[PDB]
Amino acid sequence: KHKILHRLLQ
Amino acid sequence: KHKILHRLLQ
Amino acid sequence: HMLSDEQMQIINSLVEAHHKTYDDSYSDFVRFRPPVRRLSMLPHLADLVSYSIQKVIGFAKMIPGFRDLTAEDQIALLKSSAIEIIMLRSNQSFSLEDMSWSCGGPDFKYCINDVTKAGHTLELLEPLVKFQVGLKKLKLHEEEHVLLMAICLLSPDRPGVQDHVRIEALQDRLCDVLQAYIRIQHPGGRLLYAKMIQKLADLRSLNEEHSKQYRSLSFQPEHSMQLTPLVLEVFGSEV
Amino acid sequence: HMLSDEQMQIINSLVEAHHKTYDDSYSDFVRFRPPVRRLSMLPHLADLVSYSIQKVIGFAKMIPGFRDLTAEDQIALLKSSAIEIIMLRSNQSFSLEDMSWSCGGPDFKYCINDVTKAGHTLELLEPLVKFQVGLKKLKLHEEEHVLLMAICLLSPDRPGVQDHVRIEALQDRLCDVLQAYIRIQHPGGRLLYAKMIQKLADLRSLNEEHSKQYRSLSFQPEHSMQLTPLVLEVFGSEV
């Protein structure tokens, strides 16, 4: 998943 | 899943 | 006529269950992430809702006949009604005086505006107040309020319920005690019951509306990250 | 000799990236769930760590050559080094005077004891202080401290890394600038470099130890529910 990290990484 | 609910429900 | 023992012991248990899970001083609110007046109230309100779910679960566990349901139906009932029960109990902190939820000094007084800075709009925040007002006006006895909650929770018409027949039976028994109590102990309450059951229908719209708004919020990771694991689990779609 | 332009512009960027993501006043800490002295500090420290991850991500995004990596390797590097980078930056708030992390009045001063009321024991909390002390003693320049962090983050020896050759190259370039800088600008630092690289090895043990402790904590839902979505995601095992 890693939904949040993908977002924070732009 | 519902790991937390199963726990809170004892 | 007059109430029976079995019936009355349902009331003792429910009233006690509520007392054991609702604090009129709202002292635990200082442990939540502080409120801040995109969506600055989201962090604090997410903690308030999270806290509430925990409380609604402790109450549910004490509703007679609930612990006998399958872990699955217990989960299914909690997931679908949680928000409605949070709204019902919140009436206790609602003030017709200032149209808000007064749980403390200016810090924990919640206005319509605040819920907006938490991802919700006015268009649908409107029915919540109307519901709160209409409910407040019914001047329910603690016994009736605690019963309405137990009945709401035991609605057999919930997505994911299995043994809907047994749930249906339990909710029915509680509806008896509520009807009897109004008749026996509630002077001037001839229409009350019907008005209460009515409130259950209003809770469904409020529920549905919340689902849609919440769905949007949760799909945006910069927002869902502000929520709590329990909230994400209770309002989540995993089956 | 003397530093080159390319090298120096690496230092400008890193020093600026750190300034843009580290506040010496720790003013945002009031937004965390309040600290409480089973595992009463878990709620507050979970917010501190969560906040930090966000900061480590903003810093990483500004490390030259990092944004060019695949979204996957970026995630893999952050997931494995996050805790180490949190520990490195925390040195700035560490006090040899009182052996704690002083981020505010008595409220935000973190003792070894506190981390214990958050699921961690003394046996392994011991090496963290020793690391902090040894690191503090090296009296690093802001430029060296910000470099060590950039180097730690770009370790090619991380589970889940794909393009370990490119990561290896980037980390190497940064190691140059760090070595050159010590030589040119750091009077009396002949052994420093080796001492710094040494610290990277200590971070690995600290990392491994944390993993084990965290694993236990997360498997117990009554505890993991106290964590934040980001923490659960960064330290989670999903691949």
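All residue numbers here begin at 1 and follow the chain in the order shown.
This entry, so its header tells us, was determined using X-ray crystallography, 2.7 Å.
Yeah, the Cβs are placed from backbone N, Cα and C, and that goes for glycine too.
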Which of these ranges is annotated region 'Interaction with coactivator LXXLL motif' in Swiss-Prot: C:61-79, C:118-136, C:175-193?
C:61-79
Residues of the parent chain within Cβ reach of the motif '9aaTAD' (C:229-237), under 8 Å, 6 or more residues beyond its termini:
46, 49-50, 53-54, 78-79, 82-83, 211, 214, 218
Across the listed calcitriol-binding residues, C:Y22, C:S52, C:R89, C:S93, C:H120, C:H210, what is the farthest Cα to Cα distance, given in whole Å?
25
Answer in whole Å: the Cα atoms of C:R37 and C:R38, separated in sequence by 60 unmodelled residues, lie apart by 11
Would you mind listing, in sequence order, the residues at least six apart from C:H210 (calcitriol binding site) in the same chain with a Cβ closer than 8 Å to its Cβ?
C:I83, C:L124
